[PDB]
file upload-v6.cif (mmCIF, C-alpha atoms)
data_target
loop_
_atom_site.group_PDB
_atom_site.id
_atom_site.type_symbol
_atom_site.label_atom_id
_atom_site.label_comp_id
_atom_site.auth_asym_id
_atom_site.auth_seq_id
_atom_site.Cartn_x
_atom_site.Cartn_y
_atom_site.Cartn_z
ATOM 1 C CA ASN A 1 6.469 18.816 -6.462
ATOM 2 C CA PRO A 2 6.306 20.769 -3.165
ATOM 3 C CA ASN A 3 2.486 20.982 -3.346
ATOM 4 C CA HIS A 4 2.048 17.403 -4.510
ATOM 5 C CA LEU A 5 -0.205 16.374 -1.619
ATOM 6 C CA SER A 6 -2.605 19.145 -2.643
ATOM 7 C CA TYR A 7 -2.665 17.840 -6.219
ATOM 8 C CA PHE A 8 -3.261 14.298 -4.950
ATOM 9 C CA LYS A 9 -6.183 15.720 -2.979
ATOM 10 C CA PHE A 10 -7.318 17.381 -6.207
ATOM 11 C CA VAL A 11 -7.169 14.129 -8.177
ATOM 12 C CA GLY A 12 -8.970 12.317 -5.361
ATOM 13 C CA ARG A 13 -11.631 15.010 -5.584
ATOM 14 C CA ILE A 14 -11.823 14.624 -9.373
ATOM 15 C CA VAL A 15 -12.139 10.834 -9.081
ATOM 16 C CA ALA A 16 -14.880 11.181 -6.464
ATOM 17 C CA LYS A 17 -16.554 13.799 -8.680
ATOM 18 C CA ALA A 18 -16.510 11.408 -11.638
ATOM 19 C CA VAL A 19 -17.988 8.703 -9.400
ATOM 20 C CA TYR A 20 -20.608 11.129 -8.050
ATOM 21 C CA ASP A 21 -21.574 12.177 -11.583
ATOM 22 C CA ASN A 22 -21.594 8.486 -12.553
ATOM 23 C CA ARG A 23 -19.084 9.208 -15.318
ATOM 24 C CA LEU A 24 -16.270 6.850 -16.280
ATOM 25 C CA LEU A 25 -12.589 7.799 -16.067
ATOM 26 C CA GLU A 26 -9.840 5.686 -17.626
ATOM 27 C CA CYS A 27 -8.195 5.188 -14.243
ATOM 28 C CA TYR A 28 -6.908 1.660 -13.610
ATOM 29 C CA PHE A 29 -5.583 1.769 -10.069
ATOM 30 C CA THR A 30 -3.923 -1.143 -8.344
ATOM 31 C CA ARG A 31 -5.874 -3.490 -6.119
ATOM 32 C CA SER A 32 -3.747 -2.063 -3.318
ATOM 33 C CA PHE A 33 -4.823 1.486 -4.079
ATOM 34 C CA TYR A 34 -8.477 0.469 -4.448
ATOM 35 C CA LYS A 35 -8.262 -1.281 -1.077
ATOM 36 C CA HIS A 36 -6.711 1.832 0.473
ATOM 37 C CA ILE A 37 -9.543 3.904 -0.977
ATOM 38 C CA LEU A 38 -11.860 1.277 0.537
ATOM 39 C CA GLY A 39 -9.828 0.981 3.751
ATOM 40 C CA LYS A 40 -9.031 -2.678 3.011
ATOM 41 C CA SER A 41 -5.739 -4.405 3.753
ATOM 42 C CA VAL A 42 -3.728 -5.603 0.757
ATOM 43 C CA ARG A 43 -2.813 -9.253 0.144
ATOM 44 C CA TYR A 44 0.632 -10.632 -0.623
ATOM 45 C CA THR A 45 -0.501 -11.616 -4.139
ATOM 46 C CA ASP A 46 -0.794 -7.883 -4.841
ATOM 47 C CA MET A 47 2.962 -7.616 -4.326
ATOM 48 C CA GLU A 48 3.541 -9.818 -7.358
ATOM 49 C CA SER A 49 2.774 -6.961 -9.757
ATOM 50 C CA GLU A 50 4.317 -4.063 -7.820
ATOM 51 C CA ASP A 51 7.559 -5.599 -6.558
ATOM 52 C CA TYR A 52 8.004 -9.194 -7.651
ATOM 53 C CA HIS A 53 11.314 -9.698 -5.854
ATOM 54 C CA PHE A 54 9.714 -8.674 -2.556
ATOM 55 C CA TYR A 55 6.763 -10.932 -3.247
ATOM 56 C CA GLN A 56 9.351 -13.681 -3.838
ATOM 57 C CA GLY A 57 10.981 -12.803 -0.518
ATOM 58 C CA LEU A 58 7.627 -13.227 1.193
ATOM 59 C CA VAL A 59 7.074 -16.509 -0.678
ATOM 60 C CA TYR A 60 10.474 -17.678 0.594
ATOM 61 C CA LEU A 61 9.265 -16.724 4.067
ATOM 62 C CA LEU A 62 6.005 -18.627 3.572
ATOM 63 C CA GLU A 63 6.174 -22.445 3.492
ATOM 64 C CA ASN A 64 9.835 -22.273 4.615
ATOM 65 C CA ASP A 65 11.342 -22.539 8.078
ATOM 66 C CA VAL A 66 12.920 -19.363 9.455
ATOM 67 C CA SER A 67 15.985 -21.636 9.733
ATOM 68 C CA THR A 68 16.413 -21.312 5.959
ATOM 69 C CA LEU A 69 17.346 -17.636 6.331
ATOM 70 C CA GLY A 70 20.545 -18.357 8.282
ATOM 71 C CA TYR A 71 20.311 -14.929 9.919
ATOM 72 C CA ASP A 72 17.572 -13.344 11.998
ATOM 73 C CA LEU A 73 15.039 -10.745 10.921
ATOM 74 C CA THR A 74 12.739 -8.465 12.905
ATOM 75 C CA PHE A 75 9.733 -6.206 12.280
ATOM 76 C CA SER A 76 11.775 -3.450 10.663
ATOM 77 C CA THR A 77 12.335 -2.574 7.008
ATOM 78 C CA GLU A 78 14.112 0.049 4.922
ATOM 79 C CA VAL A 79 11.597 2.337 3.197
ATOM 80 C CA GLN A 80 12.255 5.130 0.716
ATOM 81 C CA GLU A 81 9.800 7.977 1.319
ATOM 82 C CA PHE A 82 10.151 11.357 -0.413
ATOM 83 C CA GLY A 83 13.640 10.250 -1.499
ATOM 84 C CA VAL A 84 14.775 9.814 2.118
ATOM 85 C CA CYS A 85 15.583 6.238 3.107
ATOM 86 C CA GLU A 86 14.743 5.283 6.690
ATOM 87 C CA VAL A 87 14.521 2.038 8.620
ATOM 88 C CA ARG A 88 11.015 1.869 10.091
ATOM 89 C CA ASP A 89 9.531 -0.528 12.621
ATOM 90 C CA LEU A 90 6.419 -2.481 11.670
ATOM 91 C CA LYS A 91 5.418 -2.926 15.335
ATOM 92 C CA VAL A 92 10.687 -12.801 14.088
ATOM 93 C CA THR A 93 8.958 -16.113 14.804
ATOM 94 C CA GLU A 94 6.742 -18.810 13.326
ATOM 95 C CA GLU A 95 3.810 -16.957 14.923
ATOM 96 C CA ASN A 96 4.806 -13.424 13.873
ATOM 97 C CA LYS A 97 5.288 -14.025 10.131
ATOM 98 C CA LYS A 98 1.528 -14.196 9.546
ATOM 99 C CA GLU A 99 1.519 -10.511 10.522
ATOM 100 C CA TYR A 100 4.917 -9.687 9.027
ATOM 101 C CA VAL A 101 3.740 -10.583 5.527
ATOM 102 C CA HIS A 102 0.511 -8.631 6.031
ATOM 103 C CA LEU A 103 2.175 -5.709 7.801
ATOM 104 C CA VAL A 104 5.308 -5.586 5.648
ATOM 105 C CA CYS A 105 3.061 -5.429 2.570
ATOM 106 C CA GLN A 106 1.126 -2.608 4.225
ATOM 107 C CA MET A 107 4.362 -0.719 4.845
ATOM 108 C CA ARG A 108 5.667 -1.305 1.330
ATOM 109 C CA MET A 109 2.429 -0.195 -0.329
ATOM 110 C CA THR A 110 1.417 2.785 1.825
ATOM 111 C CA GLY A 111 4.565 3.921 3.643
ATOM 112 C CA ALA A 112 6.125 5.546 0.582
ATOM 113 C CA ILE A 113 2.772 7.021 -0.497
ATOM 114 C CA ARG A 114 0.983 7.370 2.854
ATOM 115 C CA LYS A 115 0.639 11.170 2.691
ATOM 116 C CA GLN A 116 -0.432 11.219 -0.953
ATOM 117 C CA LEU A 117 -2.934 8.515 0.005
ATOM 118 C CA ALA A 118 -4.275 10.480 2.975
ATOM 119 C CA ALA A 119 -4.734 13.485 0.678
ATOM 120 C CA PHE A 120 -6.516 11.394 -1.955
ATOM 121 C CA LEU A 121 -8.815 9.898 0.692
ATOM 122 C CA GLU A 122 -9.569 13.394 2.024
ATOM 123 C CA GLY A 123 -10.532 14.509 -1.474
ATOM 124 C CA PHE A 124 -12.678 11.421 -1.991
ATOM 125 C CA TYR A 125 -14.445 11.303 1.375
ATOM 126 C CA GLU A 126 -15.116 15.037 1.123
ATOM 127 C CA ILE A 127 -17.597 14.192 -1.647
ATOM 128 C CA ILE A 128 -18.255 10.411 -1.382
ATOM 129 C CA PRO A 129 -18.917 8.926 2.096
ATOM 130 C CA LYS A 130 -16.444 6.156 2.887
ATOM 131 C CA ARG A 131 -19.101 3.740 4.182
#

call {"tool": "encode", "arguments": {"input": "upload-v6.cif", "output": "structure tokens"}}
result
Amino acid sequence: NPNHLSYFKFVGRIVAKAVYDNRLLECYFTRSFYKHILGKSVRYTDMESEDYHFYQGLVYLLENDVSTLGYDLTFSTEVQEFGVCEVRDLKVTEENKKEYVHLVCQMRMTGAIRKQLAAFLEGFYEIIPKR
């Protein structure tokens, strides 16, 4: 949809209007999307429902030595956004992975939806103050 961001801003407005009216909608958003609407980081356990095989990749990165990979990785990942696939930087070591798993999960959740999300948040915060 070429106007889709505007419709995402409309649905963010309608959600914030339902909240303002104190009326219940049958929305059941992900914990990731609720955190984004709250400005909270996601956690790797959220990946289990959205992309189990990437969660499993992160779990193979956790509690395992980088030496188990047998090849190197860096802070860059392939992301499909708007049907275009691009390799995007996130900014590897035993110190960096703590951020890789946080940051890579940020990229995987928001990167492909970041503009829809910004439109939704503009619709929401227009009517309901973020704080």

call {"tool": "resolve_selection", "arguments": {"input": "upload-v6.cif", "expression": "the PyMOL selection byres ((chain A and resi 103) around 12)", "output": "mmCIF file with C-alpha atoms, keeping the file's coordinate frame"}}
result
data_model
loop_
_atom_site.group_PDB
_atom_site.id
_atom_site.type_symbol
_atom_site.label_atom_id
_atom_site.label_comp_id
_atom_site.auth_asym_id
_atom_site.auth_seq_id
_atom_site.Cartn_x
_atom_site.Cartn_y
_atom_site.Cartn_z
ATOM 1 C CA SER A 41 -5.739 -4.405 3.753
ATOM 2 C CA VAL A 42 -3.728 -5.603 0.757
ATOM 3 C CA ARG A 43 -2.813 -9.253 0.144
ATOM 4 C CA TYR A 44 0.632 -10.632 -0.623
ATOM 5 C CA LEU A 58 7.627 -13.227 1.193
ATOM 6 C CA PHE A 75 9.733 -6.206 12.280
ATOM 7 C CA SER A 76 11.775 -3.450 10.663
ATOM 8 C CA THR A 77 12.335 -2.574 7.008
ATOM 9 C CA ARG A 88 11.015 1.869 10.091
ATOM 10 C CA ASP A 89 9.531 -0.528 12.621
ATOM 11 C CA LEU A 90 6.419 -2.481 11.670
ATOM 12 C CA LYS A 91 5.418 -2.926 15.335
ATOM 13 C CA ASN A 96 4.806 -13.424 13.873
ATOM 14 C CA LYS A 97 5.288 -14.025 10.131
ATOM 15 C CA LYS A 98 1.528 -14.196 9.546
ATOM 16 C CA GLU A 99 1.519 -10.511 10.522
ATOM 17 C CA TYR A 100 4.917 -9.687 9.027
ATOM 18 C CA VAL A 101 3.740 -10.583 5.527
ATOM 19 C CA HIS A 102 0.511 -8.631 6.031
ATOM 20 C CA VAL A 104 5.308 -5.586 5.648
ATOM 21 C CA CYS A 105 3.061 -5.429 2.570
ATOM 22 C CA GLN A 106 1.126 -2.608 4.225
ATOM 23 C CA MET A 107 4.362 -0.719 4.845
ATOM 24 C CA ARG A 108 5.667 -1.305 1.330
ATOM 25 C CA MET A 109 2.429 -0.195 -0.329
ATOM 26 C CA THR A 110 1.417 2.785 1.825
ATOM 27 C CA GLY A 111 4.565 3.921 3.643
#

call {"tool": "atom_distance", "arguments": {"input": "upload-v6.cif", "atom1": "atom CA of residue A:67", "atom2": "atom CA of residue A:45"}}
result
23.8 Å

call {"tool": "resolve_selection", "arguments": {"input": "upload-v6.cif", "expression": "the PyMOL selection byres ((chain A and resi 6-14) around 7)", "output": "VMD selection string"}}
result
chain A and resid 3 to 5 15 to 18 116 119 to 124

call {"tool": "write_last_selection", "arguments": {"input": "upload-v6.cif", "atoms": "C-alpha atoms", "output": "PDB file, keeping the file's coordinate frame"}}
result
ATOM      1  CA  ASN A   3       2.486  20.982  -3.346  1.00  0.00           C
ATOM      2  CA  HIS A   4       2.048  17.403  -4.510  1.00  0.00           C
ATOM      3  CA  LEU A   5      -0.205  16.374  -1.619  1.00  0.00           C
ATOM      4  CA  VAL A  15     -12.139  10.834  -9.081  1.00  0.00           C
ATOM      5  CA  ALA A  16     -14.880  11.181  -6.464  1.00  0.00           C
ATOM      6  CA  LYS A  17     -16.554  13.799  -8.680  1.00  0.00           C
ATOM      7  CA  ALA A  18     -16.510  11.408 -11.638  1.00  0.00           C
ATOM      8  CA  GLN A 116      -0.432  11.219  -0.953  1.00  0.00           C
ATOM      9  CA  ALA A 119      -4.734  13.485   0.678  1.00  0.00           C
ATOM     10  CA  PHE A 120      -6.516  11.394  -1.955  1.00  0.00           C
ATOM     11  CA  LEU A 121      -8.815   9.898   0.692  1.00  0.00           C
ATOM     12  CA  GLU A 122      -9.569  13.394   2.024  1.00  0.00           C
ATOM     13  CA  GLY A 123     -10.532  14.509  -1.474  1.00  0.00           C
ATOM     14  CA  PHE A 124     -12.678  11.421  -1.991  1.00  0.00           C
TER      15      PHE A 124
END

call {"tool": "atom_distance", "arguments": {"input": "upload-v6.cif", "atom1": "atom CA of residue A:82", "atom2": "atom CA of residue A:51"}}
result
18.2 Å

call {"tool": "closest_residue", "arguments": {"input": "upload-v6.cif", "among": "A:84, A:47, A:37, A:94", "to": "residue A:59", "atoms": "all atoms listed in the file"}}
result
A:47

call {"tool": "atom_distance", "arguments": {"input": "upload-v6.cif", "atom1": "atom CA of residue A:85", "atom2": "atom CA of residue A:69"}}
result
24.2 Å

call {"tool": "closest_residue", "arguments": {"input": "upload-v6.cif", "among": "A:93, A:49, A:21, A:34", "to": "residue A:74", "atoms": "only C-alpha atoms"}}
result
A:93

call {"tool": "resolve_selection", "arguments": {"input": "upload-v6.cif", "expression": "the PyMOL selection byres ((chain A and resi 131) around 10)", "output": "mmCIF file with C-alpha atoms, in the frame of the given file"}}
result
data_model
loop_
_atom_site.group_PDB
_atom_site.id
_atom_site.type_symbol
_atom_site.label_atom_id
_atom_site.label_comp_id
_atom_site.auth_asym_id
_atom_site.auth_seq_id
_atom_site.Cartn_x
_atom_site.Cartn_y
_atom_site.Cartn_z
ATOM 1 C CA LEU A 38 -11.860 1.277 0.537
ATOM 2 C CA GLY A 39 -9.828 0.981 3.751
ATOM 3 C CA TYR A 125 -14.445 11.303 1.375
ATOM 4 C CA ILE A 128 -18.255 10.411 -1.382
ATOM 5 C CA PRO A 129 -18.917 8.926 2.096
ATOM 6 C CA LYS A 130 -16.444 6.156 2.887
#

call {"tool": "axis_aligned_box", "arguments": {"input": "upload-v6.cif", "around": "stretch 112-128 of chain A", "padding_each_side": "4 Å", "output": "JSON"}}
result
{"center_x": -6.1, "center_y": 10.3, "center_z": 0.5, "size_x": 32.4, "size_y": 17.5, "size_z": 13.0}

call {"tool": "closest_residue", "arguments": {"input": "upload-v6.cif", "among": "A:78, A:36, A:28, A:57", "to": "residue A:117", "atoms": "only C-alpha atoms"}}
result
A:36

call {"tool": "closest_residue", "arguments": {"input": "upload-v6.cif", "among": "A:83, A:20, A:46, A:26", "to": "residue A:126", "atoms": "only C-alpha atoms"}}
result
A:20

call {"tool": "closest_residue", "arguments": {"input": "upload-v6.cif", "among": "A:22, A:95, A:80, A:70", "to": "residue A:114", "atoms": "all atoms listed in the file"}}
result
A:80

call {"tool": "build_atoms", "arguments": {"input": "upload-v6.cif", "residues": "stretch 50-67 of chain A", "atoms": "N, CA, C and O atoms", "output": "PDB file, in the coordinates of the input"}}
result
ATOM      1  N   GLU A  50       3.638  -5.322  -8.124  1.00  0.00           N
ATOM      2  CA  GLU A  50       4.317  -4.063  -7.820  1.00  0.00           C
ATOM      3  C   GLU A  50       5.794  -4.249  -7.549  1.00  0.00           C
ATOM      4  O   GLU A  50       6.588  -3.364  -7.878  1.00  0.00           O
ATOM      5  N   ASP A  51       6.176  -5.376  -6.952  1.00  0.00           N
ATOM      6  CA  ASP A  51       7.559  -5.599  -6.558  1.00  0.00           C
ATOM      7  C   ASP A  51       7.821  -7.094  -6.425  1.00  0.00           C
ATOM      8  O   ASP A  51       7.881  -7.656  -5.324  1.00  0.00           O
ATOM      9  N   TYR A  52       7.959  -7.737  -7.583  1.00  0.00           N
ATOM     10  CA  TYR A  52       8.004  -9.194  -7.651  1.00  0.00           C
ATOM     11  C   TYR A  52       9.065  -9.780  -6.737  1.00  0.00           C
ATOM     12  O   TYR A  52       8.857 -10.836  -6.140  1.00  0.00           O
ATOM     13  N   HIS A  53      10.247  -9.162  -6.689  1.00  0.00           N
ATOM     14  CA  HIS A  53      11.314  -9.698  -5.854  1.00  0.00           C
ATOM     15  C   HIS A  53      11.011  -9.600  -4.362  1.00  0.00           C
ATOM     16  O   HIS A  53      11.435 -10.477  -3.597  1.00  0.00           O
ATOM     17  N   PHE A  54      10.137  -8.684  -3.952  1.00  0.00           N
ATOM     18  CA  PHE A  54       9.714  -8.674  -2.556  1.00  0.00           C
ATOM     19  C   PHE A  54       8.609  -9.688  -2.324  1.00  0.00           C
ATOM     20  O   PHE A  54       8.555 -10.332  -1.270  1.00  0.00           O
ATOM     21  N   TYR A  55       7.707  -9.825  -3.295  1.00  0.00           N
ATOM     22  CA  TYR A  55       6.763 -10.932  -3.247  1.00  0.00           C
ATOM     23  C   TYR A  55       7.510 -12.254  -3.103  1.00  0.00           C
ATOM     24  O   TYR A  55       7.130 -13.103  -2.296  1.00  0.00           O
ATOM     25  N   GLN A  56       8.537 -12.470  -3.928  1.00  0.00           N
ATOM     26  CA  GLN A  56       9.351 -13.681  -3.838  1.00  0.00           C
ATOM     27  C   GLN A  56      10.019 -13.825  -2.475  1.00  0.00           C
ATOM     28  O   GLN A  56      10.145 -14.939  -1.960  1.00  0.00           O
ATOM     29  N   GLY A  57      10.463 -12.719  -1.877  1.00  0.00           N
ATOM     30  CA  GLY A  57      10.981 -12.803  -0.518  1.00  0.00           C
ATOM     31  C   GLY A  57       9.930 -13.281   0.467  1.00  0.00           C
ATOM     32  O   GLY A  57      10.191 -14.148   1.311  1.00  0.00           O
ATOM     33  N   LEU A  58       8.714 -12.761   0.341  1.00  0.00           N
ATOM     34  CA  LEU A  58       7.627 -13.227   1.193  1.00  0.00           C
ATOM     35  C   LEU A  58       7.288 -14.687   0.919  1.00  0.00           C
ATOM     36  O   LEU A  58       6.940 -15.422   1.841  1.00  0.00           O
ATOM     37  N   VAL A  59       7.318 -15.107  -0.347  1.00  0.00           N
ATOM     38  CA  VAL A  59       7.074 -16.509  -0.678  1.00  0.00           C
ATOM     39  C   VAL A  59       8.188 -17.419  -0.165  1.00  0.00           C
ATOM     40  O   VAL A  59       7.938 -18.581   0.169  1.00  0.00           O
ATOM     41  N   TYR A  60       9.418 -16.916  -0.064  1.00  0.00           N
ATOM     42  CA  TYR A  60      10.474 -17.678   0.594  1.00  0.00           C
ATOM     43  C   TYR A  60      10.324 -17.671   2.104  1.00  0.00           C
ATOM     44  O   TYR A  60      10.911 -18.522   2.780  1.00  0.00           O
ATOM     45  N   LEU A  61       9.557 -16.725   2.638  1.00  0.00           N
ATOM     46  CA  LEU A  61       9.265 -16.724   4.067  1.00  0.00           C
ATOM     47  C   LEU A  61       8.102 -17.664   4.374  1.00  0.00           C
ATOM     48  O   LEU A  61       8.138 -18.410   5.359  1.00  0.00           O
ATOM     49  N   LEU A  62       7.069 -17.632   3.541  1.00  0.00           N
ATOM     50  CA  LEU A  62       6.005 -18.627   3.572  1.00  0.00           C
ATOM     51  C   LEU A  62       6.535 -20.010   3.204  1.00  0.00           C
ATOM     52  O   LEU A  62       7.486 -20.146   2.429  1.00  0.00           O
ATOM     53  N   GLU A  63       5.901 -21.041   3.784  1.00  0.00           N
ATOM     54  CA  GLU A  63       6.174 -22.445   3.492  1.00  0.00           C
ATOM     55  C   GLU A  63       7.654 -22.790   3.645  1.00  0.00           C
ATOM     56  O   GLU A  63       8.076 -23.854   3.190  1.00  0.00           O
ATOM     57  N   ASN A  64       8.465 -21.917   4.256  1.00  0.00           N
ATOM     58  CA  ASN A  64       9.835 -22.273   4.615  1.00  0.00           C
ATOM     59  C   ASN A  64      10.076 -21.983   6.086  1.00  0.00           C
ATOM     60  O   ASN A  64       9.490 -21.057   6.654  1.00  0.00           O
ATOM     61  N   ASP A  65      10.945 -22.785   6.699  1.00  0.00           N
ATOM     62  CA  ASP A  65      11.342 -22.539   8.078  1.00  0.00           C
ATOM     63  C   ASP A  65      12.215 -21.294   8.154  1.00  0.00           C
ATOM     64  O   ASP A  65      13.020 -21.035   7.259  1.00  0.00           O
ATOM     65  N   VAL A  66      12.008 -20.480   9.193  1.00  0.00           N
ATOM     66  CA  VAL A  66      12.920 -19.363   9.455  1.00  0.00           C
ATOM     67  C   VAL A  66      14.379 -19.812   9.439  1.00  0.00           C
ATOM     68  O   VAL A  66      15.277 -19.032   9.093  1.00  0.00           O
ATOM     69  N   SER A  67      14.632 -21.085   9.761  1.00  0.00           N
ATOM     70  CA  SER A  67      15.985 -21.636   9.733  1.00  0.00           C
ATOM     71  C   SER A  67      16.621 -21.618   8.349  1.00  0.00           C
ATOM     72  O   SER A  67      17.842 -21.774   8.244  1.00  0.00           O
TER      73      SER A  67
END
